[PDB]
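For reference, the structure discussed in these notes is given below.
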Amino acid sequence: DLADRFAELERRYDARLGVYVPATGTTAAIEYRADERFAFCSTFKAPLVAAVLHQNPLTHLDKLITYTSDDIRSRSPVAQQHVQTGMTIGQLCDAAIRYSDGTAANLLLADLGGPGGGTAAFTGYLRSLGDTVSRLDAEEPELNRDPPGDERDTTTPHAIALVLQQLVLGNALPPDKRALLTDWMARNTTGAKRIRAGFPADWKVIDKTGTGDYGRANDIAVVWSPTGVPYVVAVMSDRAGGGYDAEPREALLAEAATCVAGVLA
Ligand SMILES: *C(=O)/C=C\NCC(=O)CCO
Ligand SMILES: [Zn+2]
Ligand SMILES: [Zn+2]
Ligand SMILES: [Zn+2]
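Sequence positions in the sequence shown follow the authors' numbering and run 28 to 57, 59 to 83, 86 to 145, 145A to 145D, 146 to 238, 240 to 252, 254 to 293.
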């Protein structure tokens, strides 16, 4: 069955794989280690942007945030281009989603909850969406590096899927703010080889990736069939047996997505 097929992916990639797709009117839920904890890595940046959108008027997107070169302690290809002069909230949202910029996400955390309270406030946003499981405890780059088995900085496939479902398909956000989030996800530069690679080209896909130590590679997505029927897909993985420097395997996620697409076709 589907569980056997997912188990074979795990054997071949020497990995742990988590998959969740919510039920619809006509399709059963797809669940594989869906309630096991996996590190968010950069997947948290999608609800983070949602939180910042939700709590502020649209004009807040043009609020200028200044920061220094020494605020960059993580891979930040956009934020480095604009040090000292700063970046608007909107620019930070774009960078955090489309490039997975680390400093951009930290600055958004500070905008949401202040310098000390950002990770709690982010977690609290998830709580407001009924997610009582996920937790963000550290910011970039530490959130990508927690040991296997540690609950800190983790979500579950099930939990993050339900969050993304409310954000993109539900009414957690007003239409205008929702459209900004979905648009940034649609124009991301990091996700072509993950869930997108498992769905035929006539399906629409928007996603947010994450990558971390211990071979961590995640992708969360909303997809629409050629006739507009939506599904939410969360795929999470690690290769912790290889140690902190284990290589991530994007193709594992593409394969998991292909399995899902096959069932939903
Ligand atoms: C989001 O996932 C942002 C950064 N992740 C850290 C990274 O890619 C390094 C993995 O070794
Ligand atoms: Zn079997
Ligand atoms: Zn569950
Ligand atoms: Zn603000």
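For every residue, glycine included, the Cβ atom is placed at its ideal position computed from N, Cα and C.
Residue burial classification, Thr51 (beta-carbon count within 10 angstroms, cutoff 16): As a working note, residue 51 is residue 24 in the sequence shown. Under this definition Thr51 is an exposed residue.
Simplified DSSP state of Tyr40, which is helix, strand or coil: Along the sequence shown, one-based indexing puts residue 40 at 13. Collapsing the DSSP output to three states places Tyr40 in a helix.
Closest residue to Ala227 among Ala218, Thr235, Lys234 (Cα-Cα distance): In the sequence shown, counting from the first residue as 1, residue 227 sits at position 201. Comparing Cα-Cα distances from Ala227 to each of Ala218, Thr235, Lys234, the minimum goes to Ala218.
Closest by C-alpha distance to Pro75, when choosing among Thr286, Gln192, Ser252, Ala289: By one-based count along the sequence shown, residue 75 stands at place 47. Among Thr286, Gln192, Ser252, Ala289, the Cα nearest to that of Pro75 is on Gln192.
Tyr259, enclosing alpha helix (DSSP H) - first and last residue: Sequence index remark: in the sequence shown, residue 259 carries index 231 (1-based). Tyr259 -> not in any alpha helix (DSSP H); beta strand (DSSP E) instead, spanning 258–266.
Option nearest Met264 by Cα separation, candidates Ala55, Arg43, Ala223: For the purposes of this step, residue 264 is identified with residue 236 of the sequence shown, where counting begins at 1. Of the listed residues, the one whose Cα sits closest to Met264 is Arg43.
In DSSP terms, what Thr237 is bridged to: Taking the first residue of the sequence shown as position 1, residue 237 is located at position 211. Answer by DSSP bridge pairing, in chain order: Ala244.
Any heavy atom of ligand 4 within less than 7 Å of residue CB: hits in chain order: Residues with their Cβ less than 7 Å from any non-hydrogen atom of ligand 4, running along the chain, are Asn86, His90, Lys93, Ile119, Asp141.
Outcome for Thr96 when other beta-carbon atoms lying within 10 angstroms are tallied against a minimum of 16: Taking the sequence shown and counting its residues from 1, the one referred to as residue 96 is at position 66. With fewer than 16 other Cβ atoms within 10 Å, it is exposed.
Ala50: CB within 7 Å of a non-hydrogen atom of ligand 3: By one-based count along the sequence shown, residue 50 stands at place 23. False, no ligand heavy atom lies under 7 Å from that Cβ.
beta-carbon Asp63 near ligand 3 non-hydrogen atom, thresh 7 Å: Start at 1 with the first residue of the sequence shown, and residue 63 comes out as number 35. It does: the Cβ of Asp63 is within 7 Å (strictly closer) of some heavy atom of ligand 3.
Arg277 CB to nearest heavy atom of ligand 1 below 7 Å: Taking the first residue of the sequence shown as 1, we reach residue 277 at position 249. No; taking the cut-off as 7 Å, the Cβ of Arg277 has no heavy atom of ligand 1 nearer than that.
DSSP beta-bridge partners of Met117: Numbered from its first residue, the sequence shown carries residue 117 at position 87. Its beta-bridge partners are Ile95.
Best match in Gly150, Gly270, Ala212, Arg171 for proximity to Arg161 [C-alpha to C-alpha]: On the sequence shown, position 135 is the one that residue 161 refers to. Of the residues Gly150, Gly270, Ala212, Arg171, the one whose Cα lies closest to the Cα of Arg161 is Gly150.
For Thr89 and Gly236, the rounded distance between their alpha carbons: Numbered from its first residue, the sequence shown carries residue 236 at position 210. Numbered from its first residue, the sequence shown carries residue 89 at position 59. So the two alpha carbons sit approximately 29 Å from each other.
DSSP-derived helix/strand/coil call for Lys219: Counting from one through the sequence shown, the residue named residue 219 turns up at place 193. Coil.
Cross-strand partners of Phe33 (DSSP beta bridge): Taking the first residue of the sequence shown as position 1, residue 33 is located at position 6. Beta-bridge pairing links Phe33 to no other residue.
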